[PDB]
>>> print(open('work.pdb').read())   # PDB, N, CA and C atoms
ATOM      1  N   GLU J   1      34.315  15.913  13.535
ATOM      2  CA  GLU J   1      33.522  15.690  12.334
ATOM      3  C   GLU J   1      32.796  14.354  12.326
ATOM      4  N   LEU J   2      33.420  13.278  12.805
ATOM      5  CA  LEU J   2      32.680  12.032  12.954
ATOM      6  C   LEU J   2      31.402  12.261  13.745
ATOM      7  N   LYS J   3      31.444  13.150  14.736
ATOM      8  CA  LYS J   3      30.241  13.470  15.496
ATOM      9  C   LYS J   3      29.184  14.114  14.611
ATOM     10  N   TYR J   4      29.602  14.993  13.711
ATOM     11  CA  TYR J   4      28.666  15.724  12.867
ATOM     12  C   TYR J   4      28.081  14.873  11.750
ATOM     13  N   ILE J   5      28.858  13.963  11.174
ATOM     14  CA  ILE J   5      28.272  12.933  10.320
ATOM     15  C   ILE J   5      27.301  12.054  11.101
ATOM     16  N   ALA J   6      27.738  11.498  12.228
ATOM     17  CA  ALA J   6      26.863  10.622  13.005
ATOM     18  C   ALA J   6      25.611  11.314  13.522
ATOM     19  N   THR J   7      25.612  12.638  13.648
ATOM     20  CA  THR J   7      24.370  13.332  13.979
ATOM     21  C   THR J   7      23.327  13.193  12.878
ATOM     22  N   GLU J   8      23.747  13.202  11.617
ATOM     23  CA  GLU J   8      22.800  13.287  10.515
ATOM     24  C   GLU J   8      22.753  12.067   9.606
ATOM     25  N   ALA J   9      23.693  11.139   9.723
ATOM     26  CA  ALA J   9      23.488   9.755   9.332
ATOM     27  C   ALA J   9      22.997   8.891  10.480
ATOM     28  N   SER J  10      22.353   9.486  11.475
ATOM     29  CA  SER J  10      21.812   8.740  12.601
ATOM     30  C   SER J  10      20.935   7.582  12.139
ATOM     31  N   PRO J  11      21.201   6.358  12.596
ATOM     32  CA  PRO J  11      20.350   5.219  12.230
ATOM     33  C   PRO J  11      18.934   5.348  12.753
ATOM     34  N   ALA J  12      18.681   6.278  13.667
ATOM     35  CA  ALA J  12      17.314   6.572  14.077
ATOM     36  C   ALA J  12      16.542   7.274  12.973
ATOM     37  N   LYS J  13      17.233   8.003  12.107
ATOM     38  CA  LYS J  13      16.620   8.741  11.013
ATOM     39  C   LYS J  13      16.679   7.988   9.696
ATOM     40  N   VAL J  14      17.761   7.256   9.441
ATOM     41  CA  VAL J  14      17.827   6.388   8.266
ATOM     42  C   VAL J  14      16.655   5.414   8.243
ATOM     43  N   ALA J  15      16.417   4.712   9.344
ATOM     44  CA  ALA J  15      15.304   3.768   9.381
ATOM     45  C   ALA J  15      13.934   4.436   9.301
ATOM     46  N   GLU J  16      13.774   5.655   9.813
ATOM     47  CA  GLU J  16      12.495   6.344   9.662
ATOM     48  C   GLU J  16      12.181   6.626   8.206
ATOM     49  N   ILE J  17      13.073   7.345   7.533
ATOM     50  CA  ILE J  17      12.844   7.793   6.170
ATOM     51  C   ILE J  17      12.799   6.629   5.191
ATOM     52  N   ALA J  18      13.404   5.496   5.524
ATOM     53  CA  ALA J  18      13.248   4.317   4.680
ATOM     54  C   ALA J  18      11.888   3.657   4.871
ATOM     55  N   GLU J  19      11.364   3.611   6.094
ATOM     56  CA  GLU J  19      10.042   3.019   6.288
ATOM     57  C   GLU J  19       8.962   3.891   5.655
ATOM     58  N   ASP J  20       9.093   5.215   5.762
ATOM     59  CA  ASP J  20       8.075   6.112   5.228
ATOM     60  C   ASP J  20       7.932   5.948   3.728
ATOM     61  N   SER J  21       9.048   5.795   3.021
ATOM     62  CA  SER J  21       8.990   5.675   1.569
ATOM     63  C   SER J  21       8.218   4.432   1.146
ATOM     64  N   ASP J  22       8.405   3.319   1.852
ATOM     65  CA  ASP J  22       7.786   2.059   1.450
ATOM     66  C   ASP J  22       6.273   2.123   1.574
ATOM     67  N   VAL J  23       5.766   2.773   2.618
ATOM     68  CA  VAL J  23       4.323   2.904   2.769
ATOM     69  C   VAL J  23       3.757   3.724   1.625
ATOM     70  N   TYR J  24       4.385   4.848   1.312
ATOM     71  CA  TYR J  24       3.884   5.650   0.212
ATOM     72  C   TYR J  24       3.960   4.896  -1.109
ATOM     73  N   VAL J  25       4.982   4.059  -1.294
ATOM     74  CA  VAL J  25       5.083   3.252  -2.512
ATOM     75  C   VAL J  25       3.919   2.282  -2.656
ATOM     76  N   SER J  26       3.547   1.578  -1.589
ATOM     77  CA  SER J  26       2.417   0.680  -1.780
ATOM     78  C   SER J  26       1.102   1.425  -1.829
ATOM     79  N   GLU J  27       1.061   2.634  -1.294
ATOM     80  CA  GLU J  27      -0.157   3.414  -1.371
ATOM     81  C   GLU J  27      -0.429   3.811  -2.810
ATOM     82  N   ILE J  28       0.617   4.250  -3.509
ATOM     83  CA  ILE J  28       0.524   4.740  -4.881
ATOM     84  C   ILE J  28       0.285   3.613  -5.878
ATOM     85  N   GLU J  29       0.992   2.495  -5.739
ATOM     86  CA  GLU J  29       0.840   1.417  -6.711
ATOM     87  C   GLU J  29      -0.543   0.783  -6.637
ATOM     88  N   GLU J  30      -1.084   0.596  -5.440
ATOM     89  CA  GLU J  30      -2.441   0.076  -5.351
ATOM     90  C   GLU J  30      -3.451   1.100  -5.838
ATOM     91  N   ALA J  31      -3.191   2.374  -5.585
ATOM     92  CA  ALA J  31      -3.965   3.453  -6.176
ATOM     93  C   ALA J  31      -3.805   3.563  -7.681
ATOM     94  N   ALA J  32      -2.885   2.825  -8.287
ATOM     95  CA  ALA J  32      -2.909   2.652  -9.734
ATOM     96  C   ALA J  32      -3.798   1.507 -10.187
ATOM     97  N   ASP J  33      -3.932   0.455  -9.383
ATOM     98  CA  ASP J  33      -4.764  -0.681  -9.771
ATOM     99  C   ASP J  33      -6.251  -0.378  -9.662
ATOM    100  N   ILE J  34      -6.656   0.394  -8.657
ATOM    101  CA  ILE J  34      -8.026   0.870  -8.644
ATOM    102  C   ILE J  34      -8.237   1.948  -9.683
ATOM    103  N   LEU J  35      -7.173   2.585 -10.157
ATOM    104  CA  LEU J  35      -7.303   3.414 -11.346
ATOM    105  C   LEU J  35      -7.523   2.619 -12.630
ATOM    106  N   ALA J  36      -7.297   1.307 -12.633
ATOM    107  CA  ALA J  36      -7.682   0.423 -13.735
ATOM    108  C   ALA J  36      -8.805  -0.539 -13.335
ATOM    109  N   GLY J  37      -9.791  -0.058 -12.569
ATOM    110  CA  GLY J  37     -10.881  -0.887 -12.065
ATOM    111  C   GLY J  37     -11.992  -1.240 -13.038
ATOM    112  N   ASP J  38     -12.161  -0.473 -14.111
ATOM    113  CA  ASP J  38     -13.234  -0.627 -15.102
ATOM    114  C   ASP J  38     -13.316  -1.931 -15.912
ATOM    115  N   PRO J  39     -12.242  -2.727 -16.083
ATOM    116  CA  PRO J  39     -12.422  -4.049 -16.720
ATOM    117  C   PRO J  39     -13.546  -4.876 -16.130
ATOM    118  N   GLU J  40     -13.822  -4.709 -14.843
ATOM    119  CA  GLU J  40     -14.917  -5.430 -14.215
ATOM    120  C   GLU J  40     -16.275  -4.994 -14.754
ATOM    121  N   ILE J  41     -16.390  -3.767 -15.254
ATOM    122  CA  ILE J  41     -17.641  -3.360 -15.887
ATOM    123  C   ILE J  41     -17.706  -3.861 -17.323
ATOM    124  N   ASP J  42     -16.599  -3.753 -18.054
ATOM    125  CA  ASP J  42     -16.576  -4.165 -19.453
ATOM    126  C   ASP J  42     -16.866  -5.653 -19.602
ATOM    127  N   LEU J  43     -16.240  -6.480 -18.768
ATOM    128  CA  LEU J  43     -16.492  -7.913 -18.803
ATOM    129  C   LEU J  43     -17.892  -8.283 -18.336
ATOM    130  N   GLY J  44     -18.646  -7.339 -17.787
ATOM    131  CA  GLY J  44     -19.938  -7.652 -17.219
ATOM    132  C   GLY J  44     -21.120  -7.254 -18.079
ATOM    133  N   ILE J  45     -21.105  -6.024 -18.594
ATOM    134  CA  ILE J  45     -22.244  -5.511 -19.343
ATOM    135  C   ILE J  45     -22.372  -6.098 -20.743
ATOM    136  N   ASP J  46     -21.298  -6.620 -21.317
ATOM    137  CA  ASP J  46     -21.349  -7.230 -22.638
ATOM    138  C   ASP J  46     -21.041  -8.717 -22.551
ATOM    139  N   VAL J  47     -22.026  -9.548 -22.894
ATOM    140  CA  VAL J  47     -21.866 -10.997 -22.825
ATOM    141  C   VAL J  47     -22.398 -11.662 -24.091
ATOM    142  N   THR J  48     -22.323 -10.961 -25.220
ATOM    143  CA  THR J  48     -23.258 -11.178 -26.322
ATOM    144  C   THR J  48     -22.905 -12.441 -27.108
ATOM    145  N   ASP J  49     -23.769 -13.457 -27.007
ATOM    146  CA  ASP J  49     -23.561 -14.729 -27.700
ATOM    147  C   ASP J  49     -23.801 -14.615 -29.201
ATOM    148  N   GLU J  50     -24.809 -13.830 -29.589
ATOM    149  CA  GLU J  50     -25.420 -13.911 -30.917
ATOM    150  C   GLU J  50     -24.412 -13.926 -32.055
ATOM    151  N   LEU J  51     -23.348 -13.147 -31.927
ATOM    152  CA  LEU J  51     -22.274 -13.100 -32.908
ATOM    153  C   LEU J  51     -21.611 -14.442 -33.175
ATOM    154  N   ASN J  52     -21.911 -15.488 -32.403
ATOM    155  CA  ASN J  52     -21.500 -16.812 -32.854
ATOM    156  C   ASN J  52     -22.159 -17.191 -34.171
ATOM    157  N   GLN J  53     -23.352 -16.669 -34.448
ATOM    158  CA  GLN J  53     -23.878 -16.760 -35.804
ATOM    159  C   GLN J  53     -23.005 -15.979 -36.767
ATOM    160  N   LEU J  54     -22.646 -14.763 -36.375
ATOM    161  CA  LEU J  54     -21.799 -13.919 -37.200
ATOM    162  C   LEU J  54     -20.422 -14.534 -37.399
ATOM    163  N   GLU J  55     -19.888 -15.182 -36.367
ATOM    164  CA  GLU J  55     -18.736 -16.058 -36.550
ATOM    165  C   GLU J  55     -19.028 -17.195 -37.520
TER
ATOM    166  N   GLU Q   1     -21.820  17.480   6.826
ATOM    167  CA  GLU Q   1     -21.678  17.158   5.413
ATOM    168  C   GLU Q   1     -21.948  15.681   5.167
ATOM    169  N   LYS Q   2     -23.233  15.378   4.986
ATOM    170  CA  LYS Q   2     -23.683  13.992   4.939
ATOM    171  C   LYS Q   2     -23.088  13.265   3.742
ATOM    172  N   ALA Q   3     -22.953  13.964   2.617
ATOM    173  CA  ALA Q   3     -22.183  13.427   1.505
ATOM    174  C   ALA Q   3     -20.758  13.133   1.941
ATOM    175  N   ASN Q   4     -20.106  14.114   2.562
ATOM    176  CA  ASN Q   4     -18.780  13.858   3.096
ATOM    177  C   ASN Q   4     -18.829  12.805   4.185
ATOM    178  N   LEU Q   5     -19.966  12.673   4.866
ATOM    179  CA  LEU Q   5     -20.109  11.586   5.822
ATOM    180  C   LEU Q   5     -20.060  10.236   5.123
ATOM    181  N   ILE Q   6     -20.794  10.094   4.027
ATOM    182  CA  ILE Q   6     -20.701   8.861   3.262
ATOM    183  C   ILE Q   6     -19.373   8.778   2.525
ATOM    184  N   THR Q   7     -18.820   9.921   2.128
ATOM    185  CA  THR Q   7     -17.451   9.965   1.623
ATOM    186  C   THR Q   7     -16.435   9.447   2.631
ATOM    187  N   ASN Q   8     -16.502   9.936   3.866
ATOM    188  CA  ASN Q   8     -15.530   9.542   4.877
ATOM    189  C   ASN Q   8     -15.514   8.042   5.100
ATOM    190  N   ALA Q   9     -16.687   7.425   5.180
ATOM    191  CA  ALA Q   9     -16.755   5.976   5.333
ATOM    192  C   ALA Q   9     -16.050   5.277   4.186
ATOM    193  N   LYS Q  10     -16.330   5.714   2.976
ATOM    194  CA  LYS Q  10     -15.701   5.138   1.806
ATOM    195  C   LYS Q  10     -14.206   5.405   1.796
ATOM    196  N   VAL Q  11     -13.773   6.488   2.438
ATOM    197  CA  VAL Q  11     -12.346   6.741   2.625
ATOM    198  C   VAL Q  11     -11.717   5.693   3.539
ATOM    199  N   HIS Q  12     -12.275   5.509   4.735
ATOM    200  CA  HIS Q  12     -11.709   4.571   5.700
ATOM    201  C   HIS Q  12     -11.614   3.160   5.161
ATOM    202  N   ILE Q  13     -12.501   2.786   4.254
ATOM    203  CA  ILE Q  13     -12.414   1.462   3.656
ATOM    204  C   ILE Q  13     -11.054   1.256   3.007
ATOM    205  N   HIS Q  14     -10.487   2.310   2.423
ATOM    206  CA  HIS Q  14      -9.183   2.164   1.787
ATOM    207  C   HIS Q  14      -8.040   2.040   2.783
ATOM    208  N   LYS Q  15      -8.132   2.705   3.932
ATOM    209  CA  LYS Q  15      -7.118   2.517   4.960
ATOM    210  C   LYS Q  15      -7.143   1.096   5.471
ATOM    211  N   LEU Q  16      -8.336   0.601   5.764
ATOM    212  CA  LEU Q  16      -8.478  -0.746   6.278
ATOM    213  C   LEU Q  16      -7.923  -1.747   5.288
ATOM    214  N   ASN Q  17      -8.163  -1.516   4.010
ATOM    215  CA  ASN Q  17      -7.595  -2.376   2.988
ATOM    216  C   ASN Q  17      -6.084  -2.233   2.896
ATOM    217  N   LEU Q  18      -5.566  -1.015   3.058
ATOM    218  CA  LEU Q  18      -4.121  -0.796   2.991
ATOM    219  C   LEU Q  18      -3.351  -1.623   4.014
ATOM    220  N   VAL Q  19      -3.777  -1.575   5.270
ATOM    221  CA  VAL Q  19      -3.147  -2.368   6.319
ATOM    222  C   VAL Q  19      -3.235  -3.853   6.008
ATOM    223  N   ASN Q  20      -4.349  -4.286   5.428
ATOM    224  CA  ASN Q  20      -4.511  -5.697   5.109
ATOM    225  C   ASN Q  20      -3.489  -6.162   4.094
ATOM    226  N   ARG Q  21      -2.983  -5.256   3.269
ATOM    227  CA  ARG Q  21      -1.838  -5.611   2.447
ATOM    228  C   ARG Q  21      -0.625  -5.853   3.329
ATOM    229  N   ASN Q  22      -0.360  -4.901   4.223
ATOM    230  CA  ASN Q  22       0.873  -4.879   5.001
ATOM    231  C   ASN Q  22       1.032  -6.126   5.858
ATOM    232  N   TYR Q  23       0.006  -6.477   6.616
ATOM    233  CA  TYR Q  23       0.111  -7.648   7.471
ATOM    234  C   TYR Q  23       0.153  -8.942   6.684
ATOM    235  N   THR Q  24      -0.462  -8.976   5.510
ATOM    236  CA  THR Q  24      -0.301 -10.147   4.662
ATOM    237  C   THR Q  24       1.160 -10.417   4.336
ATOM    238  N   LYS Q  25       1.930  -9.374   4.026
ATOM    239  CA  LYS Q  25       3.352  -9.568   3.757
ATOM    240  C   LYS Q  25       4.091 -10.128   4.968
ATOM    241  N   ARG Q  26       3.876  -9.526   6.137
ATOM    242  CA  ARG Q  26       4.541  -9.983   7.350
ATOM    243  C   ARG Q  26       4.165 -11.406   7.706
ATOM    244  N   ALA Q  27       2.933 -11.806   7.410
ATOM    245  CA  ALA Q  27       2.534 -13.182   7.667
ATOM    246  C   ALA Q  27       3.433 -14.155   6.927
ATOM    247  N   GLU Q  28       3.636 -13.926   5.637
ATOM    248  CA  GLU Q  28       4.512 -14.807   4.881
ATOM    249  C   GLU Q  28       5.952 -14.723   5.360
ATOM    250  N   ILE Q  29       6.417 -13.519   5.686
ATOM    251  CA  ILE Q  29       7.765 -13.363   6.223
ATOM    252  C   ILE Q  29       7.964 -14.222   7.462
ATOM    253  N   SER Q  30       7.001 -14.193   8.376
ATOM    254  CA  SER Q  30       7.103 -15.035   9.559
ATOM    255  C   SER Q  30       7.134 -16.506   9.186
ATOM    256  N   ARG Q  31       6.350 -16.897   8.187
ATOM    257  CA  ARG Q  31       6.337 -18.293   7.780
ATOM    258  C   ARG Q  31       7.664 -18.714   7.174
ATOM    259  N   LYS Q  32       8.316 -17.813   6.449
ATOM    260  CA  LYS Q  32       9.652 -18.106   5.946
ATOM    261  C   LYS Q  32      10.646 -18.359   7.075
ATOM    262  N   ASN Q  33      10.620 -17.522   8.111
ATOM    263  CA  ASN Q  33      11.498 -17.723   9.260
ATOM    264  C   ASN Q  33      11.236 -19.045   9.964
ATOM    265  N   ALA Q  34       9.970 -19.438  10.072
ATOM    266  CA  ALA Q  34       9.646 -20.741  10.639
ATOM    267  C   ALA Q  34      10.277 -21.861   9.831
ATOM    268  N   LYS Q  35      10.095 -21.820   8.514
ATOM    269  CA  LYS Q  35      10.651 -22.850   7.649
ATOM    270  C   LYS Q  35      12.158 -22.947   7.812
ATOM    271  N   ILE Q  36      12.827 -21.802   7.926
ATOM    272  CA  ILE Q  36      14.260 -21.793   8.190
ATOM    273  C   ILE Q  36      14.573 -22.419   9.542
ATOM    274  N   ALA Q  37      13.883 -21.968  10.591
ATOM    275  CA  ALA Q  37      14.185 -22.446  11.935
ATOM    276  C   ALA Q  37      13.935 -23.940  12.095
ATOM    277  N   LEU Q  38      12.961 -24.499  11.376
ATOM    278  CA  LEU Q  38      12.860 -25.954  11.338
ATOM    279  C   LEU Q  38      14.128 -26.569  10.772
ATOM    280  N   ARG Q  39      14.655 -25.988   9.698
ATOM    281  CA  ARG Q  39      15.879 -26.506   9.116
ATOM    282  C   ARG Q  39      17.087 -26.193   9.980
ATOM    283  N   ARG Q  40      17.005 -25.149  10.804
ATOM    284  CA  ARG Q  40      17.994 -24.949  11.852
ATOM    285  C   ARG Q  40      17.932 -26.036  12.909
ATOM    286  N   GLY Q  41      16.823 -26.765  12.981
ATOM    287  CA  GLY Q  41      16.516 -27.574  14.137
ATOM    288  C   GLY Q  41      16.052 -26.781  15.338
TER
END
>>> encode(input="work.pdb", output="structure tokens")
Amino acid sequence: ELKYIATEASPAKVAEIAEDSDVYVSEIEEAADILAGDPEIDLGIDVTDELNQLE
Amino acid sequence: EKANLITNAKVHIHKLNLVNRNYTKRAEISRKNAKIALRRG
């Protein structure tokens, strides 16, 4: 049985499946930040001073 | 598919950027080991 555990807790496979998860994690989180990319448009198209009179 | 041709280029830009994240992390990791090894002598 130690052989059968060591077949499938193989450190050759533990390290594979751990590395794969990390790449997908940074792929998804950065794909959330470009999903919030529009602040760069909002801060750009509106620069309106005039309301300092309104202030 | 010339649209997909311009699409594909815009796709690869994200891969190139993805790796640039990865090596940035390793760069700092290596610098941490250097700082330690100096203190190791």
>>> interface_residues(input="work.pdb", of="chain J", to="chain Q", cutoff="9 Å", atoms="only C-alpha atoms", output="ChimeraX atom specification")
/J:23,26-27,30
>>> write_last_selection(input="work.pdb", atoms="N, CA and C atoms", output="JSON list (two decimals), in the coordinates of the input")
[["chain", "number", "residue", "atom", "x", "y", "z"],
["J", 23, "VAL", "N", 5.77, 2.77, 2.62],
["J", 23, "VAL", "CA", 4.32, 2.90, 2.77],
["J", 23, "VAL", "C", 3.76, 3.72, 1.62],
["J", 26, "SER", "N", 3.55, 1.58, -1.59],
["J", 26, "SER", "CA", 2.42, 0.68, -1.78],
["J", 26, "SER", "C", 1.10, 1.42, -1.83],
["J", 27, "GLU", "N", 1.06, 2.63, -1.29],
["J", 27, "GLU", "CA", -0.16, 3.41, -1.37],
["J", 27, "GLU", "C", -0.43, 3.81, -2.81],
["J", 30, "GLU", "N", -1.08, 0.60, -5.44],
["J", 30, "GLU", "CA", -2.44, 0.08, -5.35],
["J", 30, "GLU", "C", -3.45, 1.10, -5.84]]
>>> atom_distance(input="work.pdb", atom1="atom N of residue 17 (chain Q)", atom2="CA of residue 4 (chain Q)")
18.7 Å
>>> select_by_dssp(input="work.pdb", residues="chain J", states="helix (DSSP H, G or I)", output="ChimeraX atom specification")
/J:2-8,11-36,39-45,51-54
>>> axis_aligned_box(input="work.pdb", around="region 32-43 of chain J", padding_each_side="4 Å", output="JSON")
{"center_x": -10.4, "center_y": -2.4, "center_z": -13.9, "size_x": 23.0, "size_y": 19.7, "size_z": 19.3}
